[PDB]
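Residue numbers (the entry's author numbering): 1 to 128.
Cβ coordinates follow ideal geometry from the N, Cα and C atoms, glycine included.
Just below is one structure, and these are the notes that go with it.
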């Protein structure tokens, strides 16, 4: 799947992501095109023996299982798969918990690349 920006972003609101660890959802939204381009089934394999997955584009060897990655942890104890689904909320639910770490959006430098220091409400406006 691949979700439409607004069609998708008030969905995060549903998850209250907005102000998840003080994080405005636009910042979240962003990461999705930048790290997800809002594609549910988009998944990027690394030259590090693993792929980030989902739209979230998070690394398996630390979070999910696709039974593939040598020495992977899957601390999410879940399917790497269950996330690229045309309904990301699941991955979201895991991604969200994953921010419980100190680092924050930092873990998506792509975020720090784009989403960091940027006008995140630039997403919010003109969509209910």
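Counting only runs of at least 3 residues, the stretch 39 to 90 fully encloses no beta strand (DSSP E) element at all. The C-beta distance from residue 74 to residue 63 rounds to 6 Å, short enough to fall under 8 Å. If you look at residue 25, you'll find it in the alpha helix (DSSP H) that goes 25 to 31.
Fewer than three beta-carbon pairs drawn from the stretch 117 to 128 and the stretch 35 to 43 are found closer than 8 Å, and the two stretches are therefore not classed as touching.
The stretch 103 to 111 and the stretch 86 to 95 do not touch, with fewer than 3 CB-CB distances between them shorter than 8 Å. By the beta-carbon neighbour count (other beta carbons within 10 angstroms, threshold 16), residue 29 is buried. It is roughly 18 Å from the alpha-carbon of residue 11 to the alpha-carbon of residue 82. Bridge partners of residue 2 according to DSSP: 39.
In this structure, the straight-line span from the alpha carbon of residue 3 to that of residue 34 is close to 14 Å. Apart from sequence neighbours up to five positions away, the residues of its chain that approach residue 113 with a beta-carbon distance below 8 Å are 34, ordered along the chain. Inclusion of residue 27 and residue 115 in the CB contact set at 8 Å is warranted, their separation being smaller than that value.
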